[PDB]
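> For reference, the structure I am asking about is given below.
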Amino acid sequence: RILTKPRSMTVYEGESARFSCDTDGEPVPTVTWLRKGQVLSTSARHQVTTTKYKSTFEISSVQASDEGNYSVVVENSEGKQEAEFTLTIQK
């Protein structure tokens, strides 16, 4: 599980904070980005997303959320895993 975890960083605002991880599953695992930042939103405030075997979350307009420690809990159609990191922001 957790084929690869997203590193970390510190951005200012919609400057990058790009993230992308990898995870196996059967069929395909599940992912839920979140970290006391309102589940890293998904589109109204963040460009979060997930693919067949690789997910990723980007921030081109961080809002109230985004403050530092940001993680991704990815299940496995039966199991549960997680990769935590820390992306802060400077409004």
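Here, A, B, ... name the chains of the structure tokens in the order displayed, residue numbers run from 1 inside each chain, and ligands are numbered from 1 in the same displayed order.
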Could you produce a table of the residues of stretch 14-89 of chain A lying within 7 Å of stretch 3-7 of chain A, with the nearest pair of atoms per residue and their separation in Å rounded to one decimal, using only C-alpha atoms, ordered by chain and increasing residue number, as CSV?

```
residue,atom,partner,partner_atom,distance
A:19,CA,A:6,CA,5.9
A:20,CA,A:6,CA,5.7
A:21,CA,A:5,CA,5.1
A:22,CA,A:3,CA,4.8
A:23,CA,A:3,CA,4.6
A:24,CA,A:3,CA,6.5
A:83,CA,A:5,CA,5.4
A:85,CA,A:7,CA,5.9
```
> Would you list the contacts of residue A:89 as a PyMOL selection string, taking every protein, DNA or RNA residue within 9 Å and counting only C-alpha atoms, but skipping same-chain residues closer than 3 positions in sequence?
chain A and resi 10-14+17+62+66-68
> Skipping near chain neighbours, those fewer than 6 positions away, what residues fall within 8 Å of stretch 29-44 of chain A using only C-alpha atoms, listed as a PyMOL selection string?
chain A and resi 23+50+53+55+57+64-67+69-77
> Which is closest to residue A:56 among A:1, A:18, A:9, A:88, if we use only C-alpha atoms?
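Counting only C-alpha atoms, the residue closest to residue A:56 is A:18.
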> Which value, in Å to one decimal, gives the distance between atom CA of residue A:60 and atom CA of residue A:81?
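Calculated distance between atom CA of residue A:60 and atom CA of residue A:81 is 26.6 Å.
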> Nearest to residue A:91 among A:54, A:78, A:15, A:27, with distances taken over only C-alpha atoms: which residue is it?
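So, comparing all the options, the nearest one is A:15.
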> Determine which residues of chain A receive a DSSP assignment of strand (DSSP E), computed from the backbone, and state them as number ranges by chain.
A: 9-10, 19-22, 32-34, 49-50, 54-57, 68-73, 83-88
> I'd like the interatomic distance between atom CA of residue A:58 and atom CA of residue A:2, to a tenth of an Å.
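So the answer is 18.8 Å.
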> Looking at only C-alpha atoms, which of A:26, A:16, A:90, A:84 is the one that sits closest to residue A:59?
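Under the stated criterion, the closest residue is A:16.
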